[PDB]
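Numbering (PDB author numbering), first residue to last: 2 to 327.
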Ligand SMILES: Nc1ncnc2c1ncn2[C@@H]1O[C@H](COP(=O)(O)OP(=O)(O)O)[C@@H](O)[C@H]1O
Ligand SMILES: Nc1ncnc2c1ncn2[C@@H]1O[C@H](COP(=O)(O)OP(=O)(O)O)[C@@H](O)[C@H]1O
Ligand SMILES: [Mg+2]
Ligand SMILES: [Mg+2]
């Protein structure tokens, strides 16, 4: 009767052993600071859930970033704040410096340490083989940390990874979609961003875990080493699974949905087709051959697996021969 349950193979019961206050974010009380301490410089951009501004902390001449959340639900604002405070000081985790009430949109505003990022469209075309490995290892430190802390980032992608290349400093930012992992909990599948959505999301499998972030990381690695942005370029959430099945094959996809007793949307019957897993050498060309190695391909192979339980964990990934050179 319905899908088969699943649980993370690591850090399974971290949250149950911690005080209620750690994961029960709804009860958190915000200690509001003074908004007028930060002078807004310019709008960095607008997404569906926030407006981010470059700002100056006028007490110390330090550059900061101010994230002003769009209305949403009180529960979500406390969740991002709680996760940010629980992870504060962790390896390569962005530091929440302050919290203020915004006067224009009476919604709360998060103040962060500024990172001198470069648009990924430009930065990634300039990364060497060594650089990809170095930064991948830095992202893995953050993911292993947040997973060890019982938290799934759930939105791993280039716009959510700040890289100050000149100083070789990487921070994992945007904990807005992050959530506490509780074994057996059925989560909302409308998470991550299209090209980085795991097959568990695409097939509507709700009992997912930290391993979703490992699929997302794999998508980032494939785009970097093959110089193909994004690697799985779906037109929509249905075509997204089709793009994946053209690379990973359909037989392993059907075994995955068989294993978890998933009812695949009948809309896929006419579009998935029949595909065999491609050898990674198919995506290698003269212009990306310098970023590819047998270690890179093996590592990518171990992340990009339909079965979320079969993907390398962040700790296993950090042990991979791909990082022996770093
Ligand atoms: N600490 C930071 N330093 C520099 N730029 C940042 C920082 N935090 C966010 N940004 C920029 O603002 C954007 C939006 O921030 P983010 O937290 O991802 O918001 P959202 O949840 O709305 O996507 C980022 O993608 C990046 O371009
Ligand atoms: N990048 C995002 N940042 C914040 N909220 C998002 C983002 N993408 C989607 N959402 C919204 O949040 C929902 C998923 O959030 P979540 O808290 O996990 O689910 P639920 O509220 O059902 O428990 C989506 O259905 C959508 O409304
Ligand atoms: Mg973001
Ligand atoms: Mg976000």
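C-beta atoms are modelled at their ideal positions from N, C-alpha and C, and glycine is treated no differently.
Check whether residue 222 and residue 301 have beta carbons under 8 Å apart: By one-based count along the chain shown, residue 222 stands at place 221. By one-based count along the chain shown, residue 301 stands at place 300. Going by C-beta atoms, residue 222 is nearer than 8 Å to residue 301.
Name the residue from 19, 248, 8 and 56 whose alpha carbon lies nearest to the alpha carbon of residue 337. One cannot answer for residue 337 here, as it falls past the ends of the chain, which runs 2 to 327.
Nearest candidate by alpha-carbon position, reference residue 68, set 19, 61, 82 and 62: Numbered from its first residue, the chain shown carries residue 68 at position 67. Taking only the C-alpha atoms, the option nearest residue 68 is 82.
Who's in the neighbourhood of ligand 4, going by beta-carbon under 6 Å from any heavy atom, listed in chain order? 50, 156, 175, 177 and 178
Can you pull the DSSP bridge partners for residue 117? Counting from 1 along the chain shown, the entry for residue 117 is found at position 116. Note: residue 117 sits in no beta bridge, so no partner.
Give a yes or no on whether the C-beta atoms belonging to residue 15 and residue 163 are separated by under 8 Å. Your numbering for residue 15 matches position 14 in the chain shown. Your numbering for residue 163 matches position 162 in the chain shown. No, these two residues do not count as a Cβ contact at 8 Å.
Inter-stretch contact at 8 Å, needing at least 3 Cβ pairs: the segment 129 to 141 / the segment 309 to 319: yes
What residue range is occupied by the uninterrupted beta strand (DSSP E) comprising residue 58? The residue given as residue 58 occupies position 57 in the chain shown. Unbroken beta strand (DSSP E) run through residue 58: 51 to 58.
Hey, would you say the C-beta of residue 180 is under 7 Å away from at least one heavy atom of ligand 2? Here residue 180 refers to the residue found at position 179 when the chain shown is read from its first residue. Under cutoff, so the answer is yes.
Which word fits residue 156, buried or exposed, when buried means at least 16 other C-beta atoms lie within 10 angstroms of its C-beta? For this step, residue 156 is matched to residue 155 along the chain shown. It counts as buried.
For the structure I just gave you, are there three or more beta carbon pairs, one from the segment 197 to 206 and one from the segment 256 to 265, closer than 8 Å? yes
Does the beta carbon of residue 188 fall short of 7 Å from some heavy atom of ligand 2? As a working note, residue 188 is residue 187 in the chain shown. Flag set: Cβ of residue 188 near ligand 2.
Determine the direct distance from the alpha carbon of residue 261 to that of residue 4, and round the result to whole angstroms. In the chain shown, counting from the first residue as 1, residue 4 sits at position 3. In the chain shown, counting from the first residue as 1, residue 261 sits at position 260. Whole-angstrom Cα-Cα distance: 6 Å.
Hey, could you find the ends of the alpha helix (DSSP H) residue 225 is sitting in? In the chain shown, counting from the first residue as 1, residue 225 sits at position 224. Taken as a continuous stretch (DSSP letters only), the alpha helix (DSSP H) holding residue 225 covers 212 to 227.
Within 10 angstroms of the Cβ of residue 109, are there 16 or more other Cβ atoms? Answer buried if so, exposed if not. By 1-based counting over the chain shown, the position of residue 109 is 108. Buried.
Within the segment 125 to 154, note down every full alpha helix (DSSP H) run reaching 4 residues or more, in order along the chain. 130 to 149
In its own chain, which residues sit with a C-beta less than 6 Å from the C-beta of residue 230, not counting the 5 before and 5 after it? Mapped onto the chain shown, residue 230 falls at position 229. Hits under 6 Å: 224.
Suppose you measure from the CA of residue 17 to the CA of residue 214; what does that come to, to the nearest Å? Here residue 17 corresponds to residue number 16 of the chain shown, with the count starting at 1. Here residue 214 corresponds to residue number 213 of the chain shown, with the count starting at 1. Their Cα atoms are separated by approximately 21 Å.
Express the C-alpha separation of residue 220 and residue 137 in angstroms, rounding to a whole number. One-based indexing of the chain shown puts residue 137 at position 136. One-based indexing of the chain shown puts residue 220 at position 219. When rounded, the distance between both Cα atoms is 12 Å.
According to DSSP, which residues form a beta bridge with residue 180? Position 179 of the chain shown holds residue 180. Paired residue(s): 153.
Contacting residues, own chain, Cβ-Cβ under 8 Å from residue 91 (five flanking each side not counted): Within the chain shown, the letter at position 90 stands for residue 91. Excluding residues within five positions, the ones whose Cβ falls inside 8 Å are 143, 146, 147 and 150.
Within the same chain, show all residues whose beta-carbon is closer than 8 Å to that of residue 76, passing over the 5 residues directly before and after it, in chain order. Position 75 of the chain shown, counting from 1, holds the residue named residue 76. Correct list, in chain order: 26 and 27.
Tell me the rounded alpha-carbon separation between residue 36 and residue 19. Counting from one through the chain shown, the residue named residue 36 turns up at place 35. Counting from one through the chain shown, the residue named residue 19 turns up at place 18. Approximately 33 Å between the Cα atoms of the pair.
Counting only the same chain and skipping the five closest in sequence on each side, list residues whose C-beta sits under 6 Å from that of residue 184. For the purposes of this step, residue 184 is taken as residue 183 along the chain shown, with counting starting at 1. Hits under 6 Å: 8 and 13.
C-alpha gap between residue 101 and residue 189, whole angstroms: Looking up residue 101 in the chain shown gives position 100. Looking up residue 189 in the chain shown gives position 188. Roughly 29 Å separates the two Cα atoms.
Does the distance from the C-beta atom of residue 307 to that of residue 159 stay below 8 Å? For this step, residue 307 is matched to residue 306 along the chain shown. For this step, residue 159 is matched to residue 158 along the chain shown. No. Outside cutoff.
In the DSSP output, what is residue 163 paired with across the bridge? Here residue 163 is taken as the residue at index 162 of the chain shown, counted from 1. Note: residue 163 sits in a beta bridge opposite 172.
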